[PDB]
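Asker: Let me give you the structure first, and then I'll get to my questions.
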Ligand SMILES: CC(C)(COP(=O)(O)OP(=O)(O)OC[C@H]1O[C@@H](n2cnc3c(N)ncnc32)[C@H](O)[C@@H]1OP(=O)(O)O)[C@@H](O)C(=O)NCCC(=O)NCCNC(=O)Cc1cc(O)cc(O)c1
Ligand SMILES: CC(C)(COP(=O)(O)OP(=O)(O)OC[C@H]1O[C@@H](n2cnc3c(N)ncnc32)[C@H](O)[C@@H]1OP(=O)(O)O)[C@@H](O)C(=O)NCCC(=O)NCCNC(=O)Cc1cc(O)cc(O)c1
Ligand SMILES: CC(C)(COP(=O)(O)OP(=O)(O)OC[C@H]1O[C@@H](n2cnc3c(N)ncnc32)[C@H](O)[C@@H]1OP(=O)(O)O)[C@@H](O)C(=O)NCCC(=O)NCCNC(=O)Cc1cc(O)cc(O)c1
Ligand SMILES: CC(C)(COP(=O)(O)OP(=O)(O)OC[C@H]1O[C@@H](n2cnc3c(N)ncnc32)[C@H](O)[C@@H]1OP(=O)(O)O)[C@@H](O)C(=O)NCCC(=O)NCCNC(=O)Cc1cc(O)cc(O)c1
């Protein structure tokens, strides 16, 4: 899961990953709302390692546990995915995830971030730094 | 003498009698399959009993009372000619070798019985293991040209001297370096050239770039024994399963036994050097076994190690000392797979490096093992880890245990499914 | 030579003093010192006699290694063929009637004997073969087990099911505390598991307990019966030595059969893979057993400890699982290891919540079916633990444990449970 | 046979060349190669002679293994009974008169001898017993120590207190760098600890240092005295070998006493449990010792390394013992590549039982000394060591060690590196 794909993992209730997967946020522009959310998953050191210095995290290393709930061999993954889908049905699950998200990330928190994000990201989109690098892909 | 040679010959006579008159392996009835199976068992049981008391006498005949060093191939062929019915001749192995594993009679098991009994003998055992540590004729042949060019290209291994480093590159681009009898010949020869070349100080083992569409442009260390050849009957008990353990793998641990043609030979009859391994892709099976004998192991972040119905060579001997009894049973008995980035990879791996940082990390490792002190220390280390008695006792039982597994019905089924 | 005469003189002095002196606990310090000095002179000569005469002694008892005698038969036969070398069945019966505090320690003489036998490269391996042979009780009960797939004994319930030898240790009143009978049942069950061709894997687990503190809960083992040990009911030979040379060694190496089946030329012993499931805790000898299985499972709330006598062969095996530092922590300093802490993986393969344990156990029993597993576990065990290694240890164990069984500090602490 | 004559002729050739040739540093390349070839031809015959005659030689020196001779006594007696087999006391005195660079390496001949002796299943175990017997020095000092509870030696201060033999390595000026005297003081102290009936546990710790960079701070050990090694003052026999077969092995197996007390039939040796406390760091031979204790404590800031090997020589028996503590990978990292291990990193839990802050260290040491009193501990540690490290295992290793280390002691690269400290 790279870039915007990795960003999505910061918002789910359960994350599973195959033993041979990796996660990265590789530069140029801002990685969506990862700057808002990664710190709460991984702390201030690791999130700068991932975002500012492009550190890559492998599913099987200990700190992958900061982003991923289960790491499973490819053969054993499909069945484990099914088992995880049975464990979240309650109305209690809805009430508890509603309170969890509320505490993790407040309306003000998200709004304040996205406000600055709208301009900061727009500027990054037209910086000489990004335009050249992305134009060397391949 | 004590009657056992007569009983053996009488038991071998019945087996050849039954094989001559009975139908083919695939056309036999249950009664016929039980008659021949019983004939085999009675004969092999006497091969064990004969050799339990007469092993040293047999070996002394073949080796002139342990004064001539015979390699494995030469030994089992000489025993066949000196002791008919004790081990297959050659004309018999050729018939066996034409058949698929399913249809074989299992004559190699008789070789397992022979090699087990020899290796158990405190006099013959150490003599045979020295024989297998001496330089191969192929390497002695190729040494002057290698000293001059610093390059030898073989079918399964490309060897290159550069900066005092023997660079062995396993280059079976089409099969992820799947092992066969030829690969063992190239590996043993390549190791010999590295050890005897005075301009070589450290060795390096690494898998080359692959051509198969699924791994094109990517290095792969090893995918283990060639399962296709095993199913087709092309994997030799002596010339592959045993040869690699007593030859090049053991020369990595102890070195090559030279004559007495240089100063020092009184204290170091063997020339040994340190070895570095770098795992790209994955190390499966026999490739993973090799890692248990190196002085430094490096592997890329995305690689994995596994040992997947036969014995994984000397991994049963060595893995527990790296990983303890629990994990070594987990890996061997239950096929656990270990990833380069997980904590317990450090039981097998010194360094794990991102692919973009791997080539340079390998280079730095080759500079750090140059001393004569390194040679003394790895020698004292290996001596402590794995004793001559220890290794010899294991390989003895292995020769028979692996021989039977090579012909187990569940093995023949599993390997034949591709 | 002269040593047998000097020995007979020293034993005569001991039996003379024991006849004339008062009972243990009514002796004076002067009297206690006289008898202790006589014991010391006698046992020192038992050592000196056997250092040179062990092989001749064993050869007389075994027809130059022509007859496989188990331990009990060996020490008894030794007593009648060599009076004063080891205690008689009578002398042992008097000892057994006493509490450990008051015993003379005649068993130490058996410790001396078994040490010298096991030290012999000729007699040692022969006795270890004898103890690997199937027990007569199992040969007796095998047909009925083949036909009923069930045998209920005092301390162990055995059931064949789905090709699995299910051993369930079911002393519900005492947390599976071990005694001589448990060893008789454990060895018998292991034999049946190995000789039954309808059995492919074994399983050892503790049964549901009835004691009020654990009612409805399974518990693996709480170690040796300390009450019996204090009361004098723990036999050096028939418990401490029998279990190490019998069922525990058969878990590693299998049963040594007669040459009465094909294969015997390459496989004289029938061995199978073994799975252990630890509920509650594994203490003492129960924790010791875990060092010998091919798969070990434990519930999240369990712990392992070795708590003053030698913990069987734990001193032999723990170092290979955990290294020299942790093994001294566990053995010398009584460290207790919990299933959920990292270093439990040195002893345990899976740690599972109790609600998921039953199914997790079942899955493991399907994963050890191959003949490949049988070939692999044999080569693994051979590399882990050599014949010389085991024999060298158990020889010394025979004396060291014999002495620890009768030390003043041991007798004191065992009487305070 | 003929091998003794061939040896005596080869040694004669060497003595001739040494007499007629210029000194070491004034020799030509042709002269350097001629003498080297003579040494090799002679030493090769010392190996071949002893391969068949080791048992007979040892039998003459020890009266068929009924007299226990220590190393120094053995290698001298061998010199006089078998001229040319091993150097004389006079030849050795000249050797130590030179710096290591200029030596002929006659000690290599002692390595050849001791290897062959230890390889013998009969002579080997006998020599290892001799070295486990009490030293005369300790037997000498045992009465006053029993009375006083105190012995001050040059390199070690010994004190009995609360049933604890407190050994304090007290080379305040050099971070407890080891030399031949230190080995003598260590073995003497260890002997006294074992024979003293008032001692129940042992304790080894480094004393307060006076050197300006470490004034007021304890330091465990900084390894072999590299200065002395360069100057030629480190003996193969009296240091590198004496320490392994003497006091370090006595920590494992105890002192072999006479048949002079009850129990001597089940317990021929007196052994006790030992505790080590590492302040500052444990380097080289100091770190080697840790592989042999029953409890090891260290302050949070200390580190462990074995920087022999890459540098010059084999790190004692660490090659024998480290793998069982840390496995083949980590043990090669430490030995082959000079990896350093810090007390607070996870893997210090391969060598060390407790790592505690400097302000809490003394109290932890005291508490640990209270936990190893039993006769049960003694039987248990005895069964453990028996399993961890067999008599054959140790003997096989030290035999090869005797020759391998001797050659490293005179290696071209070692002499260079040791002279730069
Ligand atoms: C994973 C890889 C290392 C593997 O590549 P290789 O194994 O060398 O294979 P390739 O041949 O490149 O892969 C096959 C295929 O994938 C295609 N591919 C891979 N990545 C891309 C991207 N990013 N765009 C388009 N196509 C792609 C590539 O075009 C190939 O097709 P061909 O043209 O037929 O060759 C590689 O794909 C790679 O490095 N890709 C670049 C990854 C990258 O940087 N992606 C963008 C990350 N940045 C963000 O998400 C930023 C972001 C996202 C947001 O949603 C919001 C926001 O605010 C900021
Ligand atoms: C590597 C894999 C996991 C992934 O491969 P995929 O990416 O799924 O691609 P595949 O197409 O399977 O493999 C790519 C390519 O290599 C070929 N390949 C890879 N490994 C092999 C082997 N082992 N044999 C033959 N061909 C092979 C495979 O056939 C493909 O080529 P084509 O068939 O010609 O198209 C898979 O190939 C696989 O499962 N391989 C088998 C691995 C294995 O179990 N090997 C043997 C392990 N056992 C030993 O080493 C036993 C041993 C060896 C010894 O030397 C001594 C001893 O005592 C015991
Ligand atoms: C199990 C415990 C931790 C649980 O705590 P509680 O639940 O509070 O305890 P208890 O009430 O005592 O346990 C419940 C119940 O089991 C009984 N129980 C448990 N273990 C025993 C033993 N070993 N003997 C007798 N009774 C026992 C206990 O007596 C209670 O029953 P009541 O007498 O009816 O009250 C505790 O009971 C305890 O510490 N037990 C002692 C454990 C122990 O020291 N075991 C053995 C230690 N040493 C060896 O095995 C040594 C050994 C064994 C060998 O096989 C070989 C060898 O060479 C060396
Ligand atoms: C630990 C250190 C970094 C300390 O750093 P600093 O605080 O900068 O220290 P220094 O100021 O140098 O230390 C003070 C002082 O102690 C003395 N000192 C320190 N270490 C040593 C050593 N190793 N030898 C001798 N003297 C020493 C030296 O005299 C120093 O300076 P001066 O007195 O002014 O000359 C440093 O001392 C160091 O690196 N020392 C070298 C240690 C080393 O490599 N030792 C070799 C270890 N290897 C063996 O023992 C091998 C061995 C031993 C055996 O017993 C058996 C065997 O088979 C093999």
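Chains as they are written, first to last, in PDB author numbering: chain J, 293 to 319, 323 to 433; chain B, 11 to 318, 323 to 432; chain C, 12 to 318, 323 to 432; chain A, 12 to 432. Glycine included, C-beta positions come from ideal geometry on N, C-alpha and C.
1. From the DSSP output, in three-state form, read off residue 117 of chain B for me.
2. For residue 390 of chain A, which of helix, strand or coil comes out of DSSP?
3. What is the residue span of the alpha helix (DSSP H) that residue 294 of chain A lies within?
4. Does any residue of chain B have a CB that is nearer than 9 Å to the CB of residue 443 of chain A?
5. Any heavy atom of ligand 1 closer than 8 Å to the beta-carbon of residue 432 of chain J?
6. Taking buried to mean at least 16 other C-beta atoms within 10 Å of its own C-beta, is residue 101 of chain A buried or exposed?
7. What does the alpha-carbon distance come out to for the pair residue 161 of chain C and residue 150 of chain C?
8. When the Cα atoms are used, what is the spatial distance from residue 286 of chain C to residue 305 of chain C?
9. Which residues bound the alpha helix (DSSP H) around residue 259 of chain C?
10. Please confirm whether residue 356 of chain J has its beta-carbon closer than 9 Å to some beta-carbon of chain B.
11. Looking at the unbroken beta strand (DSSP E) that takes in residue 352 of chain A, where does it start and where does it end?
12. Are there 16 or more other CB atoms within 10 angstroms of the CB of residue 425 of chain B, so buried, or fewer, so exposed?
13. Is any heavy atom in ligand 1 found nearer than 8 Å to the beta carbon of residue 297 of chain J?
14. Please determine if the region 172 to 187 of chain C and the region 211 to 224 of chain C are in contact, where contact requires at least 3 C-beta pairs separated by less than 8 Å.
15. Comparing the CB of residue 260 of chain C with every heavy atom of ligand 3, is any distance shorter than 8 Å?
16. One question on the structure: do residue 289 of chain C and residue 231 of chain C come within less than 9 Å of each other, judged by their Cβ atoms?
17. Quick check on the burial criterion: 16 or more other C-beta atoms within 10 angstroms. Buried or exposed for residue 402 of chain C?
18. Under a Cβ-count criterion, where at least 16 other Cβ atoms within 10 Å of its own Cβ denotes burial, should residue 432 of chain C be classed as buried or exposed?
19. At which residues does the beta strand (DSSP E) containing residue 289 of chain B begin and terminate?
20. Going by Cα to Cα distance, which pick from C:301, C:348, C:275 and C:271 is closest to residue 307 of chain A?
21. Which whole-angstrom value is the C-beta distance of residue 360 of chain J and residue 316 of chain J, which I expect to be below 8 Å?
22. Using 8 Å as the cut-off, classify the Cβ of residue 327 of chain J as near or not near the heavy atoms of ligand 1, replying yes or no.
23. I'd like to check one pair, residue 134 of chain C with residue 34 of chain C: are the Cβ atoms closer than 9 Å?
24. Which first and last residues belong to the beta strand (DSSP E) in which residue 247 of chain B is found?
25. Short of 9 Å Cβ to Cβ, which residues in the region 308 to 325 of chain A face chain B?
26. Can you pull the chain B neighbours of residue 385 of chain C, defined as C-beta to C-beta under 7 Å?
27. In or out: residue 260 of chain A buried (at least 16 other Cβ within 10 Å) or exposed?
28. Any beta carbon of chain J sitting closer than 9 Å to that of residue 276 of chain B?
29. When DSSP builds the beta bridges, which residues end up paired with residue 170 of chain A?
30. Mapping DSSP to helix, strand and coil, what is residue 324 of chain A?
31. Tell me which residue opens and which closes the beta strand (DSSP E) that residue 367 of chain B is part of.
32. Between residue 39 of chain C and residue 58 of chain C, what straight-line distance do the alpha-carbon atoms span, to the nearest angstrom?
33. Here's a check: name, in chain order, each residue in its chain whose Cβ is nearer than 7 Å to the Cβ of residue 30 of chain B, leaving out the five neighbours to either side.
34. Is residue 352 of chain C near ligand 3 - that is, is its Cβ less than 8 Å away from at least one heavy atom of it?
35. What do you get for residue 269 of chain A, buried or exposed, if any count of 16 or more other CB atoms within 10 angstroms of its CB means buried?
36. Judging by CA-CA distance, which residue of B:394, B:366 and B:423 is the nearest neighbour of residue 353 of chain J?
Answerer: Taking the geometry as given:
1. In the three-state DSSP reduction, residue 117 of chain B falls in the coil class, being neither helix nor strand.
2. Helix, per DSSP.
3. No alpha helix (DSSP H) holds residue 294 of chain A; the beta strand (DSSP E) holding it covers 292 to 294.
4. Here chain A comprises residues numbered 12 to 432, so residue 443 of chain A is not present and cannot be evaluated.
5. Yes, Cβ of residue 432 of chain J sits closer than 8 Å to a heavy atom of ligand 1.
6. Exposed, by the Cβ-count rule.
7. Between residue 161 of chain C and residue 150 of chain C, the C-alpha separation is close to 15 Å.
8. Their Cα atoms are separated by approximately 6 Å.
9. Counting along the chain, the unbroken alpha helix (DSSP H) around residue 259 of chain C starts and ends at 258 to 264.
10. For residue 356 of chain J, the nearest CB of chain B lies under 9 Å from its own CB, placing it at the interface with that chain.
11. Note, residue 352 of chain A: beta strand (DSSP E), 351 to 353.
12. Buried is the call here.
13. Answer for residue 297 of chain J: yes, Cβ within range of ligand 1.
14. Yes: at least three Cβ pairs fall under 8 Å.
15. Result no, Cβ not under 8 Å from ligand 3.
16. Result yes, Cβ atoms of residue 289 of chain C and residue 231 of chain C sit closer than 9 Å.
17. With fewer than 16 other beta carbons inside 10 angstroms of its own, residue 402 of chain C counts as exposed.
18. Exposed is the call here.
19. According to the DSSP assignment, residue 289 of chain B belongs to the beta strand (DSSP E) that extends over 285 to 289.
20. Minimum Cα distance to residue 307 of chain A is reached at C:348.
21. About 17 Å separates the two Cβ atoms, so there is no contact after all.
22. A distance criterion of 8 Å places the beta-carbon of residue 327 of chain J in contact range of ligand 1, judged by its closest non-hydrogen atom.
23. Contact: no.
24. Counting along the chain, residue 247 of chain B falls outside any beta strand (DSSP E), and DSSP gives it neither H nor E.
25. Residues 319, 320, 321, 322, 323, 324 and 325.
26. Within chain B, the residues placing a beta-carbon under 7 Å from that of residue 385 of chain C are 323 and 424, ordered along the chain.
27. Buried.
28. Residue 276 of chain B does not count as touching chain J.
29. DSSP, once it has assigned bridges, lists A:161 and A:177 as partnering residue 170 of chain A.
30. It is coil, neither helix nor strand.
31. According to the DSSP assignment, residue 367 of chain B belongs to the beta strand (DSSP E) that extends over 365 to 367.
32. Between residue 39 of chain C and residue 58 of chain C, the C-alpha separation is close to 29 Å.
33. Non-local beta-carbon contacts of residue 30 of chain B in its own chain, meaning distances under 7 Å to residues more than five positions away in sequence, are absent.
34. Of the heavy atoms belonging to ligand 3, none sits nearer than 8 Å to the Cβ of residue 352 of chain C.
35. Here residue 269 of chain A is exposed: its Cβ has fewer than 16 other Cβ atoms, across all protein chains shown, within 10 Å.
36. For the residues B:394, B:366 and B:423, the minimum Cα distance to residue 353 of chain J belongs to B:366.
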